[PDB]
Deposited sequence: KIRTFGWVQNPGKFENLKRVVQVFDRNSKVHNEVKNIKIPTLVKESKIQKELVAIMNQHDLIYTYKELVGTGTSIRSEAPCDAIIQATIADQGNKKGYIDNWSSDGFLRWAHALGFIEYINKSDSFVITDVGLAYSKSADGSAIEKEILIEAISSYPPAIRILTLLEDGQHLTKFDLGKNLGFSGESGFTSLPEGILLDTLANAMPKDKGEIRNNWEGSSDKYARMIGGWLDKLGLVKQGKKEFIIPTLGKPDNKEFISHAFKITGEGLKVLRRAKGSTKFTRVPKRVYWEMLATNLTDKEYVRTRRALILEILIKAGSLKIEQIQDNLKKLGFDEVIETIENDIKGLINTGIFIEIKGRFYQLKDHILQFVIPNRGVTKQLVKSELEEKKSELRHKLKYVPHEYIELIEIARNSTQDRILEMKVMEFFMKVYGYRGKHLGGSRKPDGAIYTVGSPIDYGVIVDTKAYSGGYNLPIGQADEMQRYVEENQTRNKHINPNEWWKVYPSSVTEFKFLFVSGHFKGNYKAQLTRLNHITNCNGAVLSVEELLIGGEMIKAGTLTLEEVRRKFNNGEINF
């Protein structure tokens, strides 16, 4: 029913895209091979084994999502081969002779994205297209194959986005591109802060700077490097590392996944800029957002409004929505047009008037007519509220409301929050993750009362009463900052603070807090004689506004650590 198409994570070999397209063309050598060999010899389950060989024998080839993708196991190494695509493609080292459900879903998304495979909602099945057919038949290495692929690419909005981002001839990194790809600052579109990354890459021992290169990247950064990799093979972009001088002086770090645009690339843009209709599917308008439905369609309707009309006032736009079923607000409506613009659709702006200067092919909005019945969640409502109140603070930072609620995002929250304290509140300092460092070190340098703070961030799903084990971790650090013995924690993280600081507070940042945040807090305070506090993301934000507006200093806050919860 609800699926996510349009965004492709894993897949990188065109070599394998073909095999997957071909499995859909009865007359191709691979259709033959996968069906006659691959499937019967790799799908151990007899029942399924036979069933698939069969589906592949029909006259009019049509396979369902499950028939092509299958399933997978919790312990990825113990998984069997349950589907057509799995069976078609091989492991990285031939560990098993097949790929998993995830990578398989990946090849499906990629092929559908480039328009070789069509999706039939009703049946939840897919079938080859005219260009797919033509793609298969094309010879490998063909100038035809190339032109077929290049024309495919030009119809893929997010790939036009990468190209656009590099018109000026800059050398952008997967982080710079990531920032502006897709619905940025949302559940499935989070990006790693290049600042923090380079910094650690710099002051960190070699025994770890490799792991932290291959590992450090958000979901949007993955898409960026990947779409950038396709364009590279197609010759429209040039992938090359970018060195950075980060004096820890005249030091040099590097981010390999960086790109520059080419001439052929520029020609592509010129053409596909109106000087090739783009395909857009509703499933593309949001990936991992818990509120996929509401938002994907609200945005779909907005695109409809803009396709139909031409140069409307954001008020006219708001107006139309109110009629189609969605009573929204300027802040949200603009934010969505920010995403649509980001995924690669060309929408022009003149003050308070917007006009789509692009040709996108008509698409379907599932369960239409019942649109007016779609409810807006409490979280999405909160977001608007925030988007409304936050005048000085970039709306990107509203992503924190989400990350902080995601248990899988401990890593990045540590990064995003220190970033907010620094770039907005203005504190000086550093992010310090680890098992021997508190999540962050913060310090003032201007106030009449110059102080420091020890920070710990915690991504916890719906609620958080400061656990005793975690609470004491802080005590340890609070303590180490006093007894600065290098024979105790020889990494000497305390050394991040200016020698001159003496006033240190301790702080915990999370989604929401409950019933414990005071008990172990008061404890910590009494023990080390350092008073600290507990703080939530919403307040962190509506504190960043205040510090910017003029409504809040960096002293009233130092006077906020009341061994309880901070509230501005």
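Missing from the model, relative to the deposited sequence, are the stretches 249-251, 279-283.
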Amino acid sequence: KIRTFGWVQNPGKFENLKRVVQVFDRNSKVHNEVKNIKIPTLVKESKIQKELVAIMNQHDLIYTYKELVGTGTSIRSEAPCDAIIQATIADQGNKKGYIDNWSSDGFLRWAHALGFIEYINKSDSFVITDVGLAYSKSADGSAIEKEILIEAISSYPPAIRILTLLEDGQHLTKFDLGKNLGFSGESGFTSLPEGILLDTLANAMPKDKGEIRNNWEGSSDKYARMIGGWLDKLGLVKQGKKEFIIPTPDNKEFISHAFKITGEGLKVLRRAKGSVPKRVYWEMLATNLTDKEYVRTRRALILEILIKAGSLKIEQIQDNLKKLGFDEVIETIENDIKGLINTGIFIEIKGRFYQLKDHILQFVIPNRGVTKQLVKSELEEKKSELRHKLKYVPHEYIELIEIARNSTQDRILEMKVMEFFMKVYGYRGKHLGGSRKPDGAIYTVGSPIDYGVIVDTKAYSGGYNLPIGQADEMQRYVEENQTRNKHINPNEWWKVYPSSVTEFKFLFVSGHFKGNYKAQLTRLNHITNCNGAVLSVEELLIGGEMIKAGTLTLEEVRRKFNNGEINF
From here on, numbers count along this sequence of modelled residues.
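Higher mean CA temperature factor between 117-125 and 351-359: 351-359, per the PDB entry.
Look at the mean CA B-factor for 239-247 and for 317-325 in the entry; the higher one is 317-325.
Between the residues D82, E492, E253, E479, the entry's highest C-alpha temperature factor is the one at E253. When the C-alpha B-factors of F508, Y65, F504, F513 are ranked from the entry, the top spot goes to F513. Looking at the C-alpha B-factors along this chain, the one for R558 belongs to the highest third. Sorting the modelled residues of the chain by their CA temperature factor places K207 in the highest third. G106: CA B factor lies in the lowest third for its chain, per the PDB record. Among all modelled residues in this chain, the alpha-carbon of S435 has a temperature factor (C-alpha) in the highest third. Compared with the other modelled residues of the chain, the Cα B-factor recorded for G429 ranks in the middle third.
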